[PDB]
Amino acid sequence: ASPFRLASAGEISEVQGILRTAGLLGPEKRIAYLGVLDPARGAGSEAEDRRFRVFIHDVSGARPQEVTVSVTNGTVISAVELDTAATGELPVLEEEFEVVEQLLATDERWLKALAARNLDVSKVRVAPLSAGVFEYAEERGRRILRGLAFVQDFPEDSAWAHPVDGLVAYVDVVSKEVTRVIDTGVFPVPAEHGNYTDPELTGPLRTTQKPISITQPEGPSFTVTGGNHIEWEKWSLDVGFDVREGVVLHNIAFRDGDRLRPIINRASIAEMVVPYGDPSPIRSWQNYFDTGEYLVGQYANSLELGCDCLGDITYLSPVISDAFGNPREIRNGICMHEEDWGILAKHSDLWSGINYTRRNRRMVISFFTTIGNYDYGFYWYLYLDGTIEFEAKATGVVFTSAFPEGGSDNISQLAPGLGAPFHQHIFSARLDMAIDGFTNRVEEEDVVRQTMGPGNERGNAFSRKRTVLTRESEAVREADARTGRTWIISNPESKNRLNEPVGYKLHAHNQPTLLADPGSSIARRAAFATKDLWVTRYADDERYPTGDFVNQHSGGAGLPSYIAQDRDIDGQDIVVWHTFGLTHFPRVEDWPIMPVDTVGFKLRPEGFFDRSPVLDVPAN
């Protein structure tokens, strides 16, 4: 049995049983996070000790704990109470989100505000959002949620079309008290509806699209063994799933003839922040840490065939735990399939008379998640030529506000009186590198322009330069699209036939990074987002760029803390953290429902192979 297989429903139940038996899961206990711990550093280590990490919250306000249980031996390996005001609060529970609207509905200040706007309280939906850490000392140690109002005229109506601006409430979800209600002024509530399903808005439906059928008469080319192990066109990997990160890929390797050579030990989107740049007090605290605070894997959708995933699809239905330890499966939550990718290589040679053409194809592993108004698709691609690529697709309904009279420098109009606060969606891919094994290093490669003169008389010469990042204090790098900056992860002791260290080159999209002022809370809490690439010495306890407990943490927690250790990264077990995102000034065509936009990165072999790894692909 592989130590990388997906956690079984019975394993979750087993952790529940172990926890309750240990008396760590009473009536007031809630599992805020639960996930298996994959194998520590070993090699010939065979002791199958399946362990799970759990964050246990206490509804009575009693200190929460971080517990590690061995589902194999049925024991509690560790259990530590947490001082949340120091180390941060646990992830928000879905139940806590639910209580916000309820409480506000019976709060005088809230009802007072709704009354002044002639808004029927039973029609007002509340988006219960993370609070972060700002200037309210009373919040330290307490679990707060901040709610924003949206009018829903009827059950099937889209409330996002009707933001109630000038109003925000702060709710303590444990004592269940409305700590604050702020009403800066009445703003008219956008009247037009945004029901993209209403024929009055859609108009007659197109009858012009003919069907495109993608089939595989002989089935797929990849094989799935042990439930989540993929073998496809020389590639080898394990598809894992975590409630916090979503799909995680393990042991990405390419079989170069005889040997199965490792490339990336673990690949995942370790974080994703969505900061808002509207200076209004109503939204200036708004910053979603979808992965850290909400847990994107928890909200994974059940993908439909022919709708979400077209073609010959192979599904994985991961199992997560609920607030009480009961296993829950996300039916068809993961799509696995291979798709045509046009031309791989082509050449019509005059001298030899040989005309050669080959088609490319990509293995696709994906999942979609819904975080309130937004929906995000996470796609990992494996190409025939050895390229690894990640692509995040953003859709959903844009978060609205009112559009100020006289316009705004931080909000765009989408409809009459309907505003759309500017914001970014910034991802962090954590890549536990394993280029032909763990001894790796990273070089920053810049294009080098040369001056016309001796040795370059015609001024046509251009070169390249590579700077090795030796210590962590010099591994916080920024982009420079102008000089064609990329980053190469190589293995100093593994050379190709030309006696050069094998490698893989990371190609970033060079999108803008965190725009917020450097002294802001969000710049402190999402420092990872302020730079494009980070390199750290590997450590089993350094899993997220923002830290373990992101919710309401004061700042400096993940990457900036890890880097401060200043460890040696030159030819060591290393991890690459790549920051990449979309800076969003919503447009009229993003309303009522935003068409997909994407961001990503990819890594290509750079002297990894001895020649093209795709010479054996047939004509077809």
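For every residue, the number given is its place in the sequence shown, counted from 1. Whichever C-alpha set is largest while still superposing within 1.5 Å between the two forms counts as the rigid core.
Across the superposed structures in 7 other deposited structures of this protein, aligned by the core, the stretch whose Cα atoms lie more distant on average is 40 to 48, chosen from 40 to 48 and 547 to 555. Of the two stretches examined, 325 to 333 and 518 to 526, the record assigns the greater average C-alpha temperature factor to 325 to 333. Taking the mean C-alpha B-factor of each stretch as recorded, 549 to 557 and 579 to 587 are not equal, and the higher mean is that of 549 to 557. For the set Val92, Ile269, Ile411, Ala415, the PDB entry puts the maximum C-alpha B factor at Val92.
Out of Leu382, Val121, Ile354, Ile489, the entry records its largest CA B-factor for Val121. In the deposited entry, the Cα temperature factor of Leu615 sits in the middle third of values across the chain's modelled residues. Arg51: CA B factor lies in the highest third for its chain, per the PDB record. Sorting the modelled residues of the chain by their CA temperature factor places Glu14 in the highest third. For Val168, the recorded CA B-factor ranks within the middle third of the chain. Only modelled residues enter the ranking. Among the modelled residues of its chain, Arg567 has a C-alpha B-factor that falls in the lowest third, as given in the PDB entry.
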